[PDB]
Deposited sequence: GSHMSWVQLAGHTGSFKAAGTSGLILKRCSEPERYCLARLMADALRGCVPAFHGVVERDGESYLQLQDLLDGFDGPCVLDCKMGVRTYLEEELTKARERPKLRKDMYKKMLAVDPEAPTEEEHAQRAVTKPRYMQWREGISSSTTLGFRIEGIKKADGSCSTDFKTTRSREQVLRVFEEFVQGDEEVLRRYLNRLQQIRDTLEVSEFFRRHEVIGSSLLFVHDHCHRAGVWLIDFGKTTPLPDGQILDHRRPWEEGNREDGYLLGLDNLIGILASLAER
């Protein structure tokens, strides 16, 4: 049905006046990206962007509500890429470190031996250090994606995936998500194959570093299944006609995100599940 229906039964999102739409707090990087994407090969792989609206003295993206076509949708959010922070965060952490006390807490909780003696003394870590740690205990570093959350239309949700890392651990999350619906799994795989094909020919994709975006998997008990790319808040244009392959390893300077390494692995796991 609608994401704000789920929000109410359970941020940056607000109910839209028009049926089938949702509002997201406007950010300049994401507005720029959605405008380019409506004219790109990837047009059909992202939510429709209808422009910006003002609601209580604040700018919102008018987006397609991806849940609108579905009867009580199941949603899985997959964060894509081997790297999940911009390179400029590394520069800022060196010259002008913003110590994050919150990120220290989240880290200790998962692994008490993870922080350094100095981080323990600071009770605080830099964003890049926190994000690099998150990448390594999840599947991000090795597979180039990670499961972030699952939501169901009753309000039922889980974000308990921070140590979901191995190929087989990831497969078991998708296995439980699709609940033996062969039609949903087949439609997901067909959609991911067509998405990969579109990304490989996209003018937008070859010219942009795609960081912190997700693949949103949506299905219902009527066996309807869709997948879309979302969240272009950290997607940045490459300088002066530079391009990425989105598969080669990230080395500070080269701006590689491993997006397609992730997608390749995600397709392989779903193809493996389908043969189980």
Problem set entry | Gaps in the model, given as deposited-sequence positions counted from residue 1 | 11-13
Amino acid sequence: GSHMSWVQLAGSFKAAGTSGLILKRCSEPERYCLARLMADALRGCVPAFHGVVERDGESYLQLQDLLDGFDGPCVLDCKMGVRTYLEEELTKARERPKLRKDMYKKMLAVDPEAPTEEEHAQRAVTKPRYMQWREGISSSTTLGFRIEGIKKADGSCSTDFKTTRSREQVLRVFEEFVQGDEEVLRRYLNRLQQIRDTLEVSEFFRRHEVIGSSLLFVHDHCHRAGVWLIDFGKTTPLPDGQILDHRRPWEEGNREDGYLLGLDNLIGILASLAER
From here on, numbers count along this sequence of modelled residues.
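Each form is matched to the other, and the largest set of C-alpha atoms that superpose within 1.5 Å is called the rigid core.
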Exercise. Once the rigid core is matched, which of the two stretches, 102-110 or 183-191, lies farther off on average in 8 other deposited structures of this protein by C-alpha?
Worked result: 102-110
Exercise. After a rigid core fit, does 85-93 or 152-160 show more C-alpha displacement in 8 other deposited structures of this protein?
Worked result: 152-160
For this session: May I ask whether residue 9 is missing from the deposited models in at least a third of the other compared entries?
Result: yes
For this session: Using the B-factors recorded in the PDB entry, average over the C-alpha atoms of 167-175 and of 89-97, then report which stretch comes out higher.
Result: 89-97
Problem set entry | 29-37 versus 52-60 - which carries the larger mean C-alpha B factor in the record | 52-60
Problem set entry | Residue, from 189, 131, 143, 107, that the PDB entry assigns the highest Cα B-factor | 107
Exercise. Taking the values straight from the PDB record, which of 225, 238, 230, 42 has the highest C-alpha temperature factor?
Worked result: 238
Problem set entry | Within-chain third of residue 10 by Cα B-factor, per the entry | highest
Exercise. Which third of the chain holds residue 116 when residues are ordered by C-alpha B factor: lowest, middle or highest?
Worked result: highest
For this session: Divide the modelled residues of the chain into thirds by Cα B-factor and specify which third, lowest, middle or highest, holds residue 138.
Result: middle
For this session: Going by the recorded CA B-factors, say which third of the chain residue 148 sits in, lowest, middle or highest.
Result: lowest
For this session: Select lowest, middle or highest to describe the third in which the CA B-factor of residue 103 falls within its chain in this entry.
Result: highest
